[PDB]
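Quick note on the authors' numbering: the sequence shown kicks off at 1 and runs consecutively. Below you'll find the structure, written out as structure tokens, and then a few comments.
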Amino acid sequence: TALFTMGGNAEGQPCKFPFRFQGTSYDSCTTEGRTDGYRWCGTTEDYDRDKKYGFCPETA
């Protein structure tokens, strides 16, 4: 699927790859920090700085 926020908080922006989080670069959906089942993506170059994200497809 393509990436949309759809639950996400990043002002309607689609996922940004590669996004930096925990000083580590991610080019795919992560589950770090979510114990609710959902997988998220950063929506900027650096998530650590910005703190705006989107949702990603679970079971991927």
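Beta carbons: idealized from backbone N, C-alpha and C, even for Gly.
The alpha helix (DSSP H) enclosing residue i, as first and last residue numbers
i	result
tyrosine 47	47 to 50
Close beta carbons around residue i, own chain, < 6 angstroms, minus the five adjacent residues each side
i	result
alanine 2	none
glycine 42	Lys16, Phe19, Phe21, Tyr53
Whole-angstrom distance between residue j and residue i, CA atom to CA atom
i	j	result
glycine 37	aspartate 50	23 angstroms
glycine 8	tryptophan 40	8 angstroms
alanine 60	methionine 6	16 angstroms
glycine 12	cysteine 56	13 angstroms
Same chain only: Cβ atoms within 7 angstroms of residue i, ignoring 5 sequence neighbours per side
i	result
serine 25	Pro18
Residues near residue i in its chain [Cβ-Cβ closer than 8 angstroms; skip 5 each side]
i	result
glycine 23	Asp48
Beta strand (DSSP E) segments (min. 3 residues) lying fully within the segment 19 to 44
With a minimum length of 3 residues, the continuous beta strand (DSSP E) runs that stay inside the segment 19 to 44 are 19 to 21, 24 to 26, 39 to 42.
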